[PDB]
Structure formats: C-alpha cells, structure tokens
Amino acid sequence: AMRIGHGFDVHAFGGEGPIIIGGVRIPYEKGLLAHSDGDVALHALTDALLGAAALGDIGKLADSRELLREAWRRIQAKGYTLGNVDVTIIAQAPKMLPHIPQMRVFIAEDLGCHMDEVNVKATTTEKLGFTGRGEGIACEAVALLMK
Amino acid sequence: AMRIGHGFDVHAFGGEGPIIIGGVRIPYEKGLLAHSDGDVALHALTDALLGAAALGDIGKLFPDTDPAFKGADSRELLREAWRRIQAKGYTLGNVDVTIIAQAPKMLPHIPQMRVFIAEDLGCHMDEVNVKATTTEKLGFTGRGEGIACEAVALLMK
Amino acid sequence: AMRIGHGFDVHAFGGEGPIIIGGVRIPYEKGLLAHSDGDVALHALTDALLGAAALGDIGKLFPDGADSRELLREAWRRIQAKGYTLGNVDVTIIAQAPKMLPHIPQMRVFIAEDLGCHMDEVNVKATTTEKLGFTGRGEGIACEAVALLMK
Ligand SMILES: Nc1ccn([C@@H]2O[C@H](CO)[C@@H](O)[C@H]2O)c(=O)n1
Ligand SMILES: Nc1ccn([C@@H]2O[C@H](CO)[C@@H](O)[C@H]2O)c(=O)n1
Ligand SMILES: Nc1ccn([C@@H]2O[C@H](CO)[C@@H](O)[C@H]2O)c(=O)n1
Ligand SMILES: [Mg+2]
Ligand SMILES: [Mg+2]
Ligand SMILES: [Mg+2]
Ligand SMILES: [Zn+2]
Ligand SMILES: [Zn+2]
Ligand SMILES: [Zn+2]
C-alpha cells in the first residue's frame with residue numbers, strides 16, 4: 001500500500017529577522033510572525049506526512065523540527081514507512097537555494113531516512129500576489145508513504 | 001500500476017450563507033458564489049481523481065455554460081466522476097484534501113465530510129484525509145474574499 | 001519503488017501576445033514576461049519530475065527565450081539516467097484567461113512526445129480563481145503539477 005499526502009502553509013513577514021526554513025537559519029531583513037518558530041517548510045511537510053497517514057493535520061497534535069519528529073513518530077506507529085518527500089518553497093526572498101542541502105540534511109535526520117528520499121525546491125511568484133509583494137512566505141509539500 | 005492526481009478549486013464569497021464544503025452545510029455570514037452549490041472541496045477532490053485517471057477535469061464532464069448543472073449537487077458530480085474512473089479499471093488508494101479559508105471554522109465539520117466522501121467513493125474513512133488551514137490574513141483567502149481547496153489523490157489498478 | 005513529485009510555477013503578463021503553454025502557442029492580448037518562453041505548465045511539470053527524482057529543480061539545472069520543451073526533455077533524460085520511468089503526470093493550469101480547454105489535447109501530445117510516453121499517462125486541466133487574486137485580476141498565470149515516477 002502506498003499513501004499520498006499533501007501539505008500547505010503560510011506565514012506573514014513581521015518583526016526582525018532572521019527566519020527559519022527547513023530547520024535552517026536564514027538571514028533576512030525581516031522575521032516571520034508565527035505562534036511558533038514559523039518554519040513553513042517543516043509545517044507543510046508535517047501536514048503532508050500526517051495527511052498521507054489520515055491523521056489529519058498538525059493542530060491535531062516552539063520548534064518545528066520537534067513537531068516534525070513527533071508527527072513522524074505517530075505516523076510510524078500506524079505502520080508506515082517513508083517512500084519519499086518533495087517540498088516547494090514559495091518566496092520572493094530571501095534566496096533559498098544555497099540552504100537547500102542543509103535543509104535536506106535536517107529533514108533526512110528528523111525522518112530517519114536517506115537524503116535521496118528528500119527533495120526541496122524554491123520558486124518565486126514573480127512579484128505577484130502576497131508572496132510577490134514580500135508580505136509573506138508560503139510552502140507546499142507532497143509525500144509518499146509505504147505500508 | 002498506480003496513479004497520482006491533483007486538484008484545485010476556488011470560489012468567491014457572496015450573498016447569504018450557509019456554505020457547502022465537503023457535502024456539509026456550514027453556517028456562515030456569507031454564501032458561495034457559484035454556478036453549482038460551490039462545494040470547493042468536493043470539486044478539488046473530483047479534479048484530483050479524474051486527473052489521476054487521465055479523464056481531464058470537472059469542467060469537461062460538466063460545463064459552466066449548461067443549464068442542467070445549475071445549483072448542482074457536487075456530491076453527484078463526484079459519484080459520477082468516480083463511476084467513470086471505476087469503469088476504466090481503477091480503484092481508490094487514498095485522498096488528501098486541504099481546505100484554505102480564514103473562516104468559517106472547518107474543524108468541527110471534518111468528520112462528517114469524511115463520512116460523505118468515504119460513502120461517495122465507496123471507501124473506508126481511513127482512506128480519506130481532510131484538513132484545513134488559513135493564510136494568516138494574507139492574500140484573497142486572508143482578506144476573506146473567498147475559499148480555496150487543493151486535493152491530491154492516489155489510484156490503483 | 002514509487003516516487004512522487006510536486007511542481008509549481010508562475011509568470012506575469014506583459015508585452016504582446018501570444019503566450020506559450022504546454023508547448024502550445026495560444027492567442028491572447030497579452031504576453032508572458034519570462035527569462036524563458038514563459039511556459040509555466042512545462043516549468044511546473046519539469047519541477048514535479050525533477051522533484052520526484054530528487055534532482056532538485058529547473059533552476060539548479062538551468063540557472064536563469066529557451067524552448068521549455070528542450071528543458072523538459074533534458075531534465076527527463078537525466079531522470080531516465082538515474083534509473084527512473086514514467087508512471088503518470090497531472091497538470092493544473094490556473095488562469096482567468098485565455099481559454100485553455102481547446103489546446104489541451106495538443107499539450108498532452110507534446111508532453112507525451114517529450115516524455116516518450118503514451119498520452120493516457122498525461123493529464124492536463126485548467127481552472128479559474130473566479131476573479132480572485134493575482135490570477136483573477138489577470139495579472140498572471142500559475143501552474144501546479146504532480147508527477148509519479150517508477151524505478
Ligand atoms: N483559463 C481557463 C480556465 C478554465 N477553463 C476551462 O473551464 C472549465 C471550468 O473551469 C474547466 O474545465 C476548464 O476546462 C479554461 O479552458 N481556461
Ligand atoms: N478555516 C479553518 C482554518 C483552520 N482551522 C483549524 O485551525 C488550525 C490552524 O491551521 C488547523 O489545524 C485547523 O484545524 C479550521 O478549523 N478552519
Ligand atoms: N525565494 C527563492 C525563490 C527561488 N529561488 C531559486 O531561484 C530559481 C528560480 O526558480 C529556482 O531554481 C529557485 O531554486 C530561490 O533561491 N529563492
Ligand atoms: Mg498556519
Ligand atoms: Mg474551478
Ligand atoms: Mg519558477
Ligand atoms: Zn504554520
Ligand atoms: Zn469550482
Ligand atoms: Zn518559470
């Protein structure tokens with residue numbers, strides 16, 4: 001059995017930087033307003049993982065990495081193993097690209113998997129919408145689980 | 001043989017509520033402007049499902065410039081859609097649905113949604129995940145201009 | 001083992017039409033401002049495919065009038081080299097306009113061609129955002145794609 005999952009998250013820029021994406025501390029003029037550390041990549045990912053497992057979402061269960069590992073724990077308890085993941089960061093800024101490998105390292109660790117089972121990307125919305133206006137950051141993620 | 005699908009839908013708020021999301025009647029100050037009942041979740045879901053099956057989309061099967069589908073039950077679209085997917089030899093792996101809305105509160109309605117979705121697809125509920133999020137007052141959903149929904153689906157032969 | 005991938009792209013309207021989507025020349029009053037030919041459907045799709053293969057994204061490969069089909073083909077060649085084969089793809093075009101629907105069959109033809117697959121393994125769809133957001137106000141076109149690879 002395979003299971004597909006999908007995740008989406010957003011946060012608004014606010015306060016002083018830096019910001020935290022895919023566990024990576026990323027220098028930026030601006031900070032992320034959130035009830036948590038505001039790691040949209042890790043959130044989207046977690047929700048994807050959980051959704052695949054039909055465990056709902058996060059609010060159904062700070063440090064985004066800890067949340068991620070917790071979620072993963074519960075997910076594994078249901079009898080699931082990791083197939084692969086793919087993550088898509090949506091931001092006008094800052095530049096994500098240099099940070100992608102380290103992100104991957106961290107996620108790989110947190111999920112107990114190999115790096116080759118983790119993909120992270122970035123794109124801009126070319127100055128369009130709320131991302132485009134630099135109002136915030138978004139991230140989508142998808143996930144494949146094996147039973 | 002397995003098959004991956006993806007869907008996405010949006011409606012504008014307008015008129016009086018309530019709204020219909022995942023087949024569930026949800027009280028709200030505002031309604032959903034649509035040709036149909038505006039069930040944005042079932043729509044996204046339907047499109048992810050037809051998408052995996054290479055049958056195209058909702059709109060192909062059920063146009064917007066057709067009087068028959070005025071105020072149409074999105075659950076009916078869904079069942080039909082599904083019928084057609086089965087006829088093509090497919091069976092349901094799983095679905096994951098993500099509702100994107102500042103308001104109203106989706107949380108309490110999610111179980112009933114799943115029941116509806118499960119029944120319509122002839123699956124077990126554990127094959128169906130529905131979640132909800134907001135955009136933290138960002139963009140068009142954030143400003144409460146409307147509701148969006150994504151869905152992913154996995155089919156099996 | 002199965003692999004899945006997810007892709008997303010966006011371009012802004014600008015200059016004179018037409019636009020190119022899923023490799024199809026589509027008439028329209030406006031053009032697409034892009035470093036490339038601005039084919040969001042193929043960029044999104046390429047990213048989806050690259051993602052599944054854990055090859056990153058378009059940018060890591062081809063850092064930004066490029067024929068987006070050429071990119072797609074090259075990407076696919078690298079994916080193929082890495083042991084992979086095509087399961088299926090599914091594309092979601094997000095646009096107030098122009099009308100995508102009649103061009104969809106030809107898109108699928110192109111993509112199938114480019115990927116070396118049968119076209120039943122390629123789905124393309126289109127949706128509006130009902131005048132909402134940047135797509136809705138006719139500021140741009142967006143595309144999302146998912147892909148499923150086999151090893
Ligand atoms: N820009 C767009 C948006 C939508 N469509 C077609 O209209 C139907 C309803 O969204 C959809 O089924 C889709 O086929 C289109 O052709 N072009
Ligand atoms: N429109 C919405 C948006 C969010 N939610 C719930 O609030 C939590 C925050 O994302 C989510 O976990 C979700 O449970 C909701 O019930 N309705
Ligand atoms: N906020 C962002 C957005 C995009 N990017 C990178 O720039 C290239 C444009 O697609 C992409 O290859 C993407 O990796 C980035 O580094 N940071
Ligand atoms: Mg949130
Ligand atoms: Mg629609
Ligand atoms: Mg891009
Ligand atoms: Zn969040
Ligand atoms: Zn709709
Ligand atoms: Zn692009």
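Computation of the quantities below employed the complete heavy-atom set of this structure, encompassing side-chain atoms and omitting hydrogens, waters and symmetry-equivalent molecules. Proteins come first, then strands; the chains are lettered A, B, ... in the order of their sequence lines, and each starts at number 1.
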How about A:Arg25: does its CZ atom have over 12 heavy atoms from other parts shown lying under 6.0 Å from it?
no

Pairing residues for C:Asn123 by the side-chain contact (heavy atoms from CB on, under 4.5 Å) criterion, not counting sequence neighbours
B:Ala54, C:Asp90, C:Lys125

First locate atom CG of C:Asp9, then atom CD of A:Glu126, and finally report the distance between them rounded to the nearest 0.5 Å.
7.0 Å

Between A:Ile90, A:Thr124, A:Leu128, which is the residue that forms a side chain to side chain contact (heavy atoms under 4.5 Å, CB included) with C:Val10?
A:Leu128

Starting from the C-alpha separation in whole Å, work towards a yes-or-no answer on side-chain contact (heavy atoms from CB on, under 4.5 Å) for A:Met2 and C:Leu148.
CA-CA 12 Å; A:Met2 310 273 164; C:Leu148 188 60; over 6 Å; no

Taking atom CZ of A:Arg133 and atom CZ of C:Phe134, what is their separation to the nearest 0.5 Å?
9.5 Å

Considering only heavy atoms, which portion of A:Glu140 lies under 4.5 Å from any heavy atom of chain C: side chain, backbone, both, or neither?
side chain

Would one find more than 12 heavy atoms of other residues, nucleotides or ligands at under 6.0 Å from atom CE of C:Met119?
yes

Of the backbone (N, CA, C, O) and the side chain (C-beta and beyond), which part of C:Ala52 lies under 4.5 Å from a heavy atom of chain A, both, or neither?
backbone

Among A:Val142, A:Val87, A:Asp116, which residue forms the greatest number of heavy-atom pairs with chain C at distances under 4.5 Å?
A:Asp116

Could you give the distance from CE (A:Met96) to CG (C:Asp57), rounded to the nearest 0.5 Å?
12.5 Å

Side chain / backbone / both / neither for C:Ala12 at chain A, heavy atoms under 4.5 Å
both

Working note: C:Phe8 + A:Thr125, criterion side-chain contact (heavy atoms from CB on, under 4.5 Å); need CA distance, chi angles, decisive distance, verdict.
CA-CA 9 Å; C:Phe8 183 74; A:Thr125 54; 4.3 Å; yes

